[PDB]
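Take a look at the structure set out below.
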Amino acid sequence: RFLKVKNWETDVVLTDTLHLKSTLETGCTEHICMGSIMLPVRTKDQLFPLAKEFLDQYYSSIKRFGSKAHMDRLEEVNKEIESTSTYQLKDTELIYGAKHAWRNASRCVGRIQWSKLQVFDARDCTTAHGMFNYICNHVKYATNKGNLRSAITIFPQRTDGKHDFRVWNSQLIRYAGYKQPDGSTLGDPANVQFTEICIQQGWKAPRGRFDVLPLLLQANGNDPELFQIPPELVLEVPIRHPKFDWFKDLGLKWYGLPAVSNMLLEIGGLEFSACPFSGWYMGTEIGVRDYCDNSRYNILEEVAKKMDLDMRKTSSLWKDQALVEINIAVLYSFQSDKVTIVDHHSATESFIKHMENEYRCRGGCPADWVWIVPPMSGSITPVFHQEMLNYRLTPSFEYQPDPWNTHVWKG
Amino acid sequence: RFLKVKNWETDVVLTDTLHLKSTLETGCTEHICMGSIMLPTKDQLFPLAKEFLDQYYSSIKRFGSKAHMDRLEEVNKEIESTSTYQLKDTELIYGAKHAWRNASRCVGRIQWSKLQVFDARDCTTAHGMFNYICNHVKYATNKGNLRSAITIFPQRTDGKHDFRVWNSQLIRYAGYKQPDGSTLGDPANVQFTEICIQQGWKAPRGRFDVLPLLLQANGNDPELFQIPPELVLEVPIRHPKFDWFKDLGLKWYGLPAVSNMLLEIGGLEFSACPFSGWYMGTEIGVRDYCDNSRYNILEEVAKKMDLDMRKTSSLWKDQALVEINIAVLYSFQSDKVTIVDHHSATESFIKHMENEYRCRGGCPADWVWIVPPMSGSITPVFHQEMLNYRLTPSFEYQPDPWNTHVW
Ligand code: HEM
Ligand code: HEM
Ligand SMILES: CNCCCc1cncc(CCc2cc(C)cc(N)n2)c1
Ligand SMILES: C[C@H](O)[C@H](O)[C@H]1CNc2nc(N)[nH]c(=O)c2N1
Ligand SMILES: C[C@H](O)[C@H](O)[C@H]1CNc2nc(N)[nH]c(=O)c2N1
Ligand SMILES: [Zn+2]
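Residue numbers (the deposited numbering), protein chains in the order written: chain B, 299 to 338, 348 to 718; chain A, 299 to 338, 350 to 716.
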């Protein structure tokens, strides 16, 4: 089967054959598209085909398909599965797997960088303290004094599902949110629930607008433990605007390192429930979503006031106008401080090239248009005009339930 | 099977049951989502008629009535005898309004029940069609106070007598390829303009030439007509702050009127059914003016604002884009032509969705099309999960007549 996608701006037509290797579900049917839906203990039975599929890909990629090394390895994994009910990846396979999970991540516009990923093998980790050490080293390495480096740290895989390693933080670095008795919110409204958990676990909250949350770390299915990331390791950027001198007085800053820590990495049927990964920010993530979502810091009003825009009619586009200045300021600030960041024009343009490269060399590039298109100025970026096919390949990053909803407390 | 949609801004969750009445396919499968793809007999006819008449009679609280059964009986006889059937005026109006209600790509659907339906099923010639379309244009425009309307021409018979408006929209600007290798006017309209010229149009070769209508009646060869200039309302584009903007020589037409689509009601097919409402600003300011394959004016505007266009990271493109869109809205409002900004329109649509979920059990919506082409996430629709599915009556895409027409 052949599937064509078209770019309506360029008339470039690409042919996808890669989707034939698609395994998991989409959520869609012939009767319904769930393309805008956010979120739509394994037996040896199901496990060996998954291992085999993965090992065949790995051996093909190193051009050793059907080799004795390939066959011996299948044999070794088979025996290990029938003996121990699971298996261990070689370091090479782990690295290959992590890189490909990123490569297959259909919601990530940053994938041109997929082959450059520093993989930190933390499978020898046994305790929360050990996890803390590993994560500190990840943060320091990735931050690199502002010259950001993509990295992932991989903690031991799931066994019976009762001994899971989990990072309870959705991201390694995030600001606390505090609900006030008057209904108002101090800090990041997104993180109110998690902050409360942290407080309940014994965290002493400074109760400011930009308090870096402590790490809440679960090793081997045990109760999670609190650790504070050494502040000297947390790179932050004061936000200012190149022309507006009052912008600094808004009191804004953000952290430089975007680091997802709540996702599950699947490789060859194995499940890595704690696998924090990081890259560098695209400006709009902060300037559009973090700052301007009504459900987040929500600064559009204040900014628009200070720019003295006409705010009586939406039709003045005062919101749009303020939004631009805020995103200019985020980009300006990071650049001025020499902290890696990319604008949505650069990032989407790079993605189109990556995508075309992938069609040519790989036969496709699964992409989720709904996530790939930036949250401002959509149609003046080239991804907007690009038809995309969304499907799911393994290895992959997957959503998993929040640990506080599933954890069995030891006490 | 009973699907939930969440708004991530408000945490509001809606339950959709309406999708279990969908029938047409989406393009998607359990293995592949095609949500971003632009274009993915008596036997066949009677169940379609029945399904439609059932929903019609349910809508007037007369389900299972004798009049319901009588109509069903009558339609069935007519299909058996004549191979097709004729809609009653009431049914036609119901169907047209519901086609719009079911248009999952339309953000303006809160207005769906206020639609003026012009029954042009008595039309027989292209001159007839021309007259009906002029009257539509004049009625819809209403001196700037726009009114939603659709004009419905005779249904398809054997497929060899189709009525077609060859133009994709009732009102659009011509496109010309220059010796300069560049493009004059609207680049999207070059091929159609060629066909107009080849059919005998005398093109003025200007940048904003209103295209002539190319009208096909009864499967005959299409004929040319110029819409009376005085009925084509246009808006010169100026900026409220930038005095120089006027000098760009920009204007646009007040009437957005889609003419290339197929209206399906009760299995019947209306291949010629132009419909119109009123513009959302971004349609003109973002797409028409700033698309690289359209009027593509970003660079010039940016230069007149003297922005640093050295580096993409200055966001000069984004800045110019906002001002271009400010000017569009200002110009329409100043000239008193109905227009809606994307904030107001998406807000309306959220309330409509909630109404539709509350009173109909759902609302089919294509998020890819509903979210505006600028400032996506500062509009409520961005944070609104939507289910996309196909309900009938419906507007459907159809092939361009020049690839179809046996001359
Ligand atoms: C290096 C530069 C990178 C850039 C510019 C980038 C860009 C982005 C952006 C803008 C998003 C959307 C985030 C959101 O809307 O919440 C995203 C999502 C995602 N990225 Fe990347 N990313 C980068 C690196 C990485 C790396 C290193 C990985 C994994 C090894 C990765 C995997 C993912 C995944 C799995 C998602 C989906 C997250 C979710 O569903 O919440 N990215 N990326
Ligand atoms: C009166 C105010 C209206 C507003 C504000 C509005 C808004 C819009 C917008 C912004 C689009 C996207 C168009 C594009 O991006 O090219 C659209 C598409 C559409 N509209 Fe509405 N519309 C209105 C009236 C109507 C009416 C009266 C009908 C039918 C009787 C209709 C049916 C449709 C259909 C079928 C589409 C999809 C067109 C396509 O797929 O090319 N709309 N509308
Ligand atoms: C999933 N919706 C909520 C996301 C909230 C959130 C909070 N902090 C950091 C991120 C980072 C997202 C992200 C991750 C990576 C790896 C790179 C990049 N440029 N961006 C996301
Ligand atoms: C409902 C909708 O899917 C939701 O708002 C999505 C839209 N696209 C997105 N795109 C990105 N990059 N990040 C997001 O969080 C979202 N949210
Ligand atoms: C590839 C993508 O589907 C295409 O660019 C779509 C995206 N969303 C759109 N949305 C609207 N309203 N109108 C359009 O023409 C498009 N084009
Ligand atoms: Zn889909």
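Built from N, CA and C at the ideal position, the CB exists for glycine as well.
Proximity winner among the options, relative to residue i (alpha-carbon distances)
| i | options | result |
| --- | --- | --- |
| residue 701 of chain A | A/544, A/687, A/575 and A/393 | A/575 |
| residue 713 of chain B | B/469, B/397, B/617 and B/489 | B/469 |
| residue 488 of chain A | A/477, A/514 and A/327 | A/514 |
| residue 699 of chain B | B/671, B/583, B/692 and B/420 | B/671 |
| residue 704 of chain B | B/439, B/412, B/484 and B/532 | B/412 |
| residue 355 of chain B | B/335, B/386, B/316 and B/648 | B/386 |
| residue 474 of chain B | B/460, B/484 and B/467 | B/460 |
| residue 343 of chain A | A/707, A/710 and A/697 | No coordinates are present for residue 343 of chain A, because the numbering of chain A runs from 338 directly to 350. |
| residue 553 of chain B | B/563, B/512 and B/613 | B/613 |
| residue 716 of chain A | A/528, A/303 and A/384 | A/528 |
| residue 682 of chain B | B/594, B/307 and B/418 | B/594 |
| residue 622 of chain A | B/364, B/615 and B/655 | B/655 |
| residue 419 of chain A | A/510, A/706, A/673 and A/684 | A/673 |
| residue 421 of chain B | B/604, B/641, B/328 and B/407 | B/407 |
| residue 536 of chain A | A/308, A/337, A/442 and A/374 | A/442 |
| residue 383 of chain A | A/397, A/370 and A/371 | A/397 |
| residue 303 of chain A | A/709, A/662 and A/710 | A/662 |
| residue 394 of chain A | A/381, A/321 and A/403 | A/381 |
| residue 668 of chain B | B/602, B/309 and B/314 | B/314 |
| residue 711 of chain A | A/477, A/450 and A/390 | A/477 |
| residue 693 of chain A | A/306, A/300, A/301 and A/360 | A/306 |
| residue 546 of chain A | A/561, A/596, A/457 and A/539 | A/561 |
| residue 312 of chain A | B/498, B/335 and B/499 | B/335 |
| residue 435 of chain A | A/472, A/414, A/423 and A/428 | A/472 |
Within-9 Å CB hit, residue i to chain A
| i | result |
| --- | --- |
| residue 342 of chain B | The gap in chain B between 338 and 348 takes in residue 342 of chain B, so it carries no coordinates here. |
| residue 607 of chain B | yes |
| residue 638 of chain B | yes |
| residue 325 of chain B | yes |
| residue 301 of chain B | yes |
| residue 624 of chain B | yes |
| residue 588 of chain B | no |
| residue 443 of chain B | no |
| residue 548 of chain B | no |
| residue 308 of chain B | yes |
| residue 612 of chain B | no |
C-beta neighbour in chain B for residue i, strict 9 Å
| i | result |
| --- | --- |
| residue 454 of chain A | no |
| residue 568 of chain A | no |
| residue 602 of chain A | yes |
| residue 411 of chain A | no |
| residue 659 of chain A | no |
| residue 344 of chain A | Residues lacking coordinates in chain A include everything strictly between 338 and 350, among them residue 344 of chain A. |
| residue 334 of chain A | yes |
| residue 631 of chain A | yes |
| residue 615 of chain A | no |
Close-in-space but distant-in-sequence residues of the same chain around residue i (CB under 7 Å, 5 per side omitted)
| i | result |
| --- | --- |
| residue 534 of chain B | 439, 521, 522 and 524 |
| residue 357 of chain B | 575 and 576 |
| residue 376 of chain B | none |
| residue 689 of chain A | 307, 655, 656 and 659 |
| residue 464 of chain A | 577, 578 and 579 |
6 Å CB neighbourhood of residue i in its chain, flanking five on each side removed
| i | result |
| --- | --- |
| residue 548 of chain B | 554 and 636 |
| residue 607 of chain B | 599, 626 and 629 |
| residue 508 of chain B | 533 |
Contacts around residue i, its chain only, beta-carbon distance under 8 Å, and the 5 residues preceding and following it disregarded
| i | result |
| --- | --- |
| residue 337 of chain B | 706 |
| residue 516 of chain B | 482, 493, 494 and 558 |
| residue 505 of chain A | 483, 512, 520, 521, 523 and 533 |
| residue 332 of chain B | 324, 325, 326 and 338 |
Residues of the segment 665-690 of chain A whose Cβ lies closer than 7 Å to any Cβ of chain B, in chain order: If the cut-off is 7 Å between Cβ atoms, the segment 665-690 of chain A has 676, 677, 682, 683, 684, 685, 686 and 687 near chain B.
Any residue with its C-beta under 6 Å from a non-hydrogen atom of ligand 5 counts. Can you list them all in chain order? B/306, B/691, B/692, B/693, B/694, A/334, A/336, A/677 and A/678
Residues of the segment 350-373 of chain B with Cβ closer than 8 Å to any Cβ of chain A, in chain order: none
Any residues in the segment 644-659 of chain B with a beta carbon nearer than 9 Å to a beta carbon of chain A? Which ones, in chain order? 648, 649, 650, 651, 652, 653 and 656
Contact list for the segment 413-434 of chain A against chain B, Cβ threshold 8 Å: none
Using Cβ-Cβ distances below 9 Å, what residues of the segment 490-512 of chain B are close to chain A? none
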